[PDB]
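A.B. asks: quick one, structure for this:
(one chain, ligands or ions: 1)
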Amino acid sequence: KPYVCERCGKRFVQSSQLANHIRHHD
Ligand SMILES: [Zn+2]
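C.D. replies: Residues are numbered from 1 along each chain as shown. Take a look:
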């Protein structure tokens, strides 16, 4: 899955979790 945190370089299998991840960078 091409879903990686542009903000810290961590990626996720789930698009939801990646957005959840980056939501914590908001
Ligand atoms: Zn991140």
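
A.B. asks: measure the residue most central in space within the chain to the ion for me?
C.D. replies: Geometric centre of the chain, nearest residue: residue 18, 2.7 Å, by CA atoms, centre = their mean. According to CB to the ion, to the nearest Å, residue 18 and the ion sit 9 Å apart. Where C-beta positions appear, they are placed from N, C-alpha and C, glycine not excepted.

A.B. asks: list the buried residues of the helix or strand containing that residue.
C.D. replies: Assigned by DSSP states H and E, residue 18 falls within helix 15-23. For helix 15-23, burial by neighbour count (16 or more other CB atoms under 10 Å) applies to 18, 21-22.

A.B. asks: enumerate every residue touching residue 12.
C.D. replies: 1, 3-5, 18, 21 (CB atoms under 8 Å, 6 or more residues apart in numbering).

A.B. asks: repeat that for 6 Å
C.D. replies: Contact analysis of residue 12 by CB atoms under 6 Å, 6 or more residues apart in numbering lists 3, 18, 21.

A.B. asks: pretty sure the last one contacts residue 6?
C.D. replies: If I follow you right, that is residue 21. No - Residue 21 is not in contact with residue 6 according to CB atoms under 6 Å; the separation is 10.6 Å.

A.B. asks: what parts of the chain come near the ion?
C.D. replies: By CB under 5 Å from the ion, the residues of the chain that approach the ion are 5, 7-8, 10.

A.B. asks: pick out the most distant pair among these.
C.D. replies: Within those, 7 and 10 form the most distant pair, 8.8 Å apart (CB to CB).

A.B. asks: how far away from the center of its chain is stretch 15-26?
C.D. replies: With CA atoms, centre = their mean, to the nearest Å as the basis, stretch 15-26 stands 5 Å off its chain's centre.

A.B. asks: start at 458, not 1
C.D. replies: Right, with 458 as the first residue, what we last looked at is stretch 472-483.

A.B. asks: got a list of contacts for that stretch?
C.D. replies: 460, 462, 464, 469.

A.B. asks: residue contacts, the first one?
C.D. replies: Contacts were defined as CB under 6 Å, 6+ apart; by that measure residue 460 touches 469, 472, 475.

A.B. asks: swap the cut-off to 8 Å and go again
C.D. replies: Residue 460 neighbours (CB under 8 Å, 6+ apart): 468-469, 471-472, 475.
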